[PDB]
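Chains as they are written, first to last, in the deposited numbering: chain E, 2 to 78; chain F, 90 to 130; chain D, 15 to 932, 945 to 1127, 1134 to 1376; chain C, 349 to 398. Notes to accompany the following structure.
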Amino acid sequence: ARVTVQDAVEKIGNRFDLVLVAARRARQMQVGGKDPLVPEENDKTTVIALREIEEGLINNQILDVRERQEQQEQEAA
Amino acid sequence: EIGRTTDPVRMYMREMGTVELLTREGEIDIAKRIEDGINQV
Amino acid sequence: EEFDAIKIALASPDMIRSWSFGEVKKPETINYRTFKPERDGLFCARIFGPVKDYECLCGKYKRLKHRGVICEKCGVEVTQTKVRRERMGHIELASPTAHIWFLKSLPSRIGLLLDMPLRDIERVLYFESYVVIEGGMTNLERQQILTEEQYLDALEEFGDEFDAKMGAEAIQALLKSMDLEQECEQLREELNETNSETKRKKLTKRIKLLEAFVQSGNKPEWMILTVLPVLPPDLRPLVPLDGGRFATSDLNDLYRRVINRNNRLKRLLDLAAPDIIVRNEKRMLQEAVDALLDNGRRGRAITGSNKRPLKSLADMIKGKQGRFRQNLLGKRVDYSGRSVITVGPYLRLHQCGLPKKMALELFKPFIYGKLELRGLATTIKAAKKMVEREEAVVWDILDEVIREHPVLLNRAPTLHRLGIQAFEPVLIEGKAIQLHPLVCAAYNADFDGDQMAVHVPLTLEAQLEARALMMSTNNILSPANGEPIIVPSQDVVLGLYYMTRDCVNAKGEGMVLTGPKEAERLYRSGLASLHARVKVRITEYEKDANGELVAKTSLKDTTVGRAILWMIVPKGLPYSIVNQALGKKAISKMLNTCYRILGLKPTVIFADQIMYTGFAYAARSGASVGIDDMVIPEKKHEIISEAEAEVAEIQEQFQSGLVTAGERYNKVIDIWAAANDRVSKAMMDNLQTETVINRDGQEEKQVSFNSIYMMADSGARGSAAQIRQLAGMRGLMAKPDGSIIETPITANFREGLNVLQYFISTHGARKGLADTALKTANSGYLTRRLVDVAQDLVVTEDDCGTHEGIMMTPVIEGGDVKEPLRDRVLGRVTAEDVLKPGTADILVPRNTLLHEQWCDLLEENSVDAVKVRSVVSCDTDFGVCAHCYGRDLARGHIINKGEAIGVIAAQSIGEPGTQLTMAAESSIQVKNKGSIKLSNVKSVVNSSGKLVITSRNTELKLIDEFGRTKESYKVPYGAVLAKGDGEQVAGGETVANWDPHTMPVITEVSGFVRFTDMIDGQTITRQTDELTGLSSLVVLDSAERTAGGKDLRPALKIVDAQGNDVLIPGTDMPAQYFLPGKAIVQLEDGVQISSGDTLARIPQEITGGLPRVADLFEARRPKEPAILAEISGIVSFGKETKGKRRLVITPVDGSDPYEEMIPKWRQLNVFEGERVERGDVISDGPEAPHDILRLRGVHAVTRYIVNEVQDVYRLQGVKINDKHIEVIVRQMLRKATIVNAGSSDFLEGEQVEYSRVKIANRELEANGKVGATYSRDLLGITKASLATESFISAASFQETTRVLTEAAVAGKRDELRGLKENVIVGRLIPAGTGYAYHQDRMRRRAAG
Amino acid sequence: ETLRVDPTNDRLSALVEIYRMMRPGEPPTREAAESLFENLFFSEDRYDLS
Ligand SMILES: [Mg+2]
Ligand SMILES: [Zn+2]
Ligand SMILES: [Zn+2]
């Protein structure tokens, strides 16, 4: 979260993996125009991504599944 | 004796020092021979 | 665009023409009125591109209709301007010219190919003598130097078959004609017959050059230039300065003179000049080319117009200020600022105060973007005008921008990775940056004029890794050792000390309080004091078996201050933490406990609250410093007068001649030292515990509340020595260099020094100050070398699966335990578990991380030696596995895959460098009680019943009741003992006795003594004494031995009445005690010697600083190395040659005899045939690491280097984990040398990477075939770093020209593995965050 | 001992030795060596101990 990022690291493992995952999710939020899962509370996209990861919503597996589903649906139409 | 004097100026002066000057007679001698060669050709 | 590798090779002339766009024929640059460029000059627009974008000189072909079309009339192509930065030209030399790099850069590759001494090529090139290319007729041969007249002599006779030339044409003709295959095979054969070591190695290196030179596809002809390339104009600009003048680079000048000489040479040849003139021109052309390529290496540097040498291409690459270090490895940066720092005590640990103006400037484009988003500005120019006039909406937008955006704060020099940290900004007014007090220690910053630099991370990934990896709340432990770095300091410590301490009866004795809240309500109302001793009811919490917090309530005895402090402490910790007067150590331990019990977040909040409370109560204490606070003992002058009178009497006694100079000097120094100690102790006694208080009645005695004493105890700022100087005596001083002045300084700073004493102290002051000033540079250079050696290390695997390790024991140097296990094994992985069924039933499971709990288990079971997995033994290629490393000290767990170990190790070792500086040997005395256990001891009983030792290496220990070693000692050879093995010795007892200034040959038996092969006059000298008439026999050595008595080897026969010697049981050795030279037997021949008596008396009569560690890591050879025993067996002397001591070791079982030359004046420890093993020491002196590695093995050299580096740091109280030194040693054992014919393409004497050999060997052993045999080499830091498999890394490090030449000749290929390589080429490093990226590219190698 | 190691024999050879040490690579004529030594240490305008 805002102060310390300990819980997210504990949730994912590597710090480096955390950085990469949260970066791609934040890019998604910023420019891809998606809707944050957790409330805004007037936060940058970076901290919103970290709070999403913190409580188990966003993770590399989930992001991959979501993107594959979107691509499948897009190609269907 | 050459102390590996890499200075090109030294090499030039050493090479040019050998040939010795000669005046008032040679110049006439060489000029005559030059003109003789030109006349021959 | 995308690439994979970089390769280097020589350039063929047709290649150089391939690069070119046209050739440069005139030396003109630009026109003097209209500054347009000239037709074929150095700046032509036709060949190097157009000056102004999309516009040729005439402009007939314009308006982007013609793209790439050349306008014919002006010759100017219509394209972009950037091409002037990348198009090249060329120059066609009239005479071939040698390339200086391949001629002078030693070992002179041209010399190696042709096998000619350098001076011969020199004499040929400078037109001083001829050389024979081809003698078909048998008279002459190839590469024979011919003098001037000698060529005339050979031509006039022979002629028409005689090819001799002179100058660079000759050298090129020699290289062009020489066929590589022939010499390759011939030298291959030649090594097969005779190997003279020097000849053998020179042939190996020449064969290496030829084989590589054939492989690479280069041809030797290309070492000599015929076409020369010309660098693009915009990299050597000619620009107009504002004042009307012009500024130019030097390459313009050098190119101009090359072109001038070349043009005039063409003119001369066209004109048919005499030969001396053309020879002159040819030399000057060659010199001009040499000065172009590398100035000053040809001896005399061409100076510019001014005074100074012109700077050439090689100069643009090489130095500290060349491209490599100054523009590629580190460069100036946008989005950055700089200013003075100041303390902000109200901040939270993750914040920094940023001035409004700096913030407005740094975040400019972000502000433009959000001004446009909200519609407040239509266009960017409107946004500019909005910002420059600073409207209020701009400040609102800025406040919205910086929120959640971290910035990076840096303070140079950046010694370790904590010198850069990321903070969250708070906008302030003013112009100074506000820094949180707790992070000053990490930065090494003090607020007296320092400055720091601010950088802005831009992308989302940069922001995230500033928040996750770099944020200040993530760095609380140091990566060098595990201890925390957030450590409260001066004012915080003073406040907490004052708040906690207790006092006698003062207000509010013996009240009873319902918890801390009442304590605060009492103190702040003036009803009680912070120091009252009160009884308070307190509820602690304690973490349960499954993490639950059980609550326990009790009634404790404490003070008001401690009760108030308790309100801060997070729940989970015991009350005992707060219940004593806190110093610095106590506070740091409090934080450490909170960390290892509760986690990270509670410790962060707790650290803040400690800081806030410490400031508040330090201020309320009102501690100050007056001059009355430095008390002086009432009896100082008495001590001084007594010492003065006593020294006066010793000096008076000197003139009686009873005392020499050395005696008097030493005595006086001892006297003054004793007086100093008495004065200091009296001062501390008067100061420390001087307060007498009434305890409701009679008197009481307590520690004092003197302010300077408070600053001493609390550990806030003072120390004992400083206070000694303030109130005692200043002490003794030293003359400029070594000598310590006789009369000390009796005055102190309160009393004031006088003129002479001040002048005396100035010496030491200036010496120390200059030391620091000139020590910083050495520290920096050392750390740079260390960083460059070990950068490629990254954690790559999870488990190499190796079974090796290092056995580790606590260090028991001398008498006392320097280091226990728990400091030395914590956080490492145990390999090949040590079990002890029996006394302790020791169970250590495989491959476990040693937590604190496991260490506690080890302590209570009290085990001493543990084998531990270590980096130097890891089996992974191109990296180390996580398990062989251990903890990540900064974080606290098993280390993550992909982290850059090598840089961390180098930084952690090099960081403390700045603070690092620059005989009663009679017997052996045990300190504490215990039991004796000897090891490797050869004992012999004498008649006195005393154990005499003859073993060379005898070690003394002290086993305690629980079975640990508490002491260790080295028993010298021939030392008499006191007690045997097994019995318990007593504290203070002496166990051994020997003669210090003597090595005696001790007797074992009795009987008659026969003096054999020793004659008087030939071998010994007659010595006559006075009336008593006691004579002594002294054996003369072969140095002064006469020629007739040379074969006489002195010896002592031990015979009985019959002469027959009884043989030792079971052993067949003859009793032939051949004592070596100078066996001084005072007793004459035929004297009964008792067992245990002295036969001979041969007497036996340290940098330690930053240079010491620099020499340890550089693997330098000590001047006087100890010699080691190579092969076990029998030892003897042999036949001396010119005095060459001849040492012959014939093995007991091995057949081959091994001979060693020995220096004449060096002594030998061993006498004759002994049982000496691998690397048994035989001489005395410093030991060389190379020998350690060759003989004892790799673990031995690692242990040696670790120990002797760590001594230097321990002596200064600097704690570094051994793991980092192990890493550096690993990187320092990289190469191996091959001694075998294997199955692969290797050779005798080649040096190749140990990993490469492992790969080839395992590959062949998967196929049955036998691989080659190798032996590892140990190389210094600089060597090992210069010998990597990558010319970019080595070239950026040091010695650029040499490594570029070797790489160019050998046709190397760089595959871009390291970190420096990717940094230079502008890519993601293969470590940390970037790691994953490269591994993807790795699997792309599968699909290619 | 220095005399025994000393290779030169007379004055002129000594001047030649000095001359070819100071200016290597030039023929050591009589007058050149003489002038070099004099100007080297004993000439008013080329040496001054103030
Ligand atoms: Mg300062
Ligand atoms: Zn045109
Ligand atoms: Zn390993």
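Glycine included, each C-beta is placed from N, C-alpha and C at the ideal position.
Item	Value
Segment contact, 8 Å Cβ cut-off, at least three pairs: the stretch 317–324 of chain D with the stretch 275–291 of chain D	no
Within the stretch 965–1003 of chain D, ranges of the beta strand (DSSP E) (whole runs, at least 3 residues)	965–967, 973–975, 980–985 and 991–997
Enclosing beta strand (DSSP E) for D/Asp571 [first to last residue]	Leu563 to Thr573
Limits of the unbroken alpha helix (DSSP H) element including residue 938 of chain D	Between 932 and 945, chain D has no modelled residues, which means residue 938 of chain D does not appear in the coordinates.
Short CB-CB distance (under 8 Å) between F/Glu109 and chain D	no
Any non-hydrogen atom of ligand 1 within 7 Å of D/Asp462 CB	yes
Start and end residues, beta strand (DSSP E) containing D/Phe1037	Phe1034 to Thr1038
D/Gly73: CB within 7 Å of a non-hydrogen atom of ligand 2	yes
Distance between D/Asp902 and D/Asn488 (C-alpha atoms, nearest Å)	14 Å
Start-to-end residues for the alpha helix (DSSP H) that takes in E/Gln75	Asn61 to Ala77
D/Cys517 (DSSP reduced to helix, strand or coil)	coil
Supposed close pair D/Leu973, D/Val997 - CB separation, criterion 8 Å	In fact, because the Cβ distance is near 10 Å, the residues do not count as touching under 8 Å.
Which listed residue (D/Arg53, D/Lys66, D/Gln94 and D/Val97) has its alpha carbon closest to that of D/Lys87	D/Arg53
Ligand 2 heavy atom lying under 7 Å from the CB of D/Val90	yes
Span of the beta strand (DSSP E), counted from its first residue to its last, around D/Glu106	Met102 to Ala112
Beta carbon proximity, C/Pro372 to chain F, threshold 8 Å	yes
Inter-residue CB distance, D/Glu295 and D/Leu279 (contact presumed, cutoff 8 Å)	5 Å
DSSP state of D/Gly367 mapped onto helix, strand, coil	strand
Members of the stretch 93–104 of chain F near chain D, C-beta cut-off 9 Å	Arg93, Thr95, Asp96, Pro97, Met100, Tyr101 and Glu104
Nearest candidate by alpha-carbon position, reference D/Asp28, set D/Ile826, D/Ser969 and D/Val241	D/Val241
Residue 1131 of chain D CB to nearest heavy atom of ligand 2 below 7 Å	Any question about the placement of residue 1131 of chain D has no answer from these coordinates, since chain D jumps from 1127 to 1134.
Ligand 2 heavy atom lying under 7 Å from the CB of D/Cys58	no
Contact between the stretch 418–434 of chain D and the stretch 443–458 of chain D (3+ Cβ pairs under 8 Å)	yes
Classification of D/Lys1251 by the beta-carbon crowding that lies within 10 angstroms, buried from 16 upward	buried
Segment limits, beta strand (DSSP E) that includes D/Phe35	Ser34 to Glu37
D/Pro498 versus D/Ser602: straight-line alpha-carbon distance, rounded	8 Å
Residue span of the alpha helix (DSSP H) that contains D/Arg538, given as start and end	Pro530 to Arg538
D/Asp889 Cβ short of 7 Å to ligand 3 heavy atom set	yes
Nearest-angstrom Cα separation, counted from D/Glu475 out to D/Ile820	41 Å
Contact under 8 Å by Cβ, D/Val808 with D/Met625	no
Residue range of the alpha helix (DSSP H) that includes D/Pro616	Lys615 to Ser635
Simplified DSSP state of D/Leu1356, which is helix, strand or coil	coil
Closer than 8 Å at the beta carbon, the chain D residues around E/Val39	Under the 8 Å cutoff, chain D gives no residues; its nearest Cβ is about 15 Å from E/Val39.
Paired residues, beta bridge with D/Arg547 - DSSP	D/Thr573
Cβ contact (3+ pairs, closer than 8 Å) linking the stretch 379–388 of chain C and the stretch 361–369 of chain C	yes
Pair within 8 Å by beta-carbon distance, D/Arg836 and D/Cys869	yes
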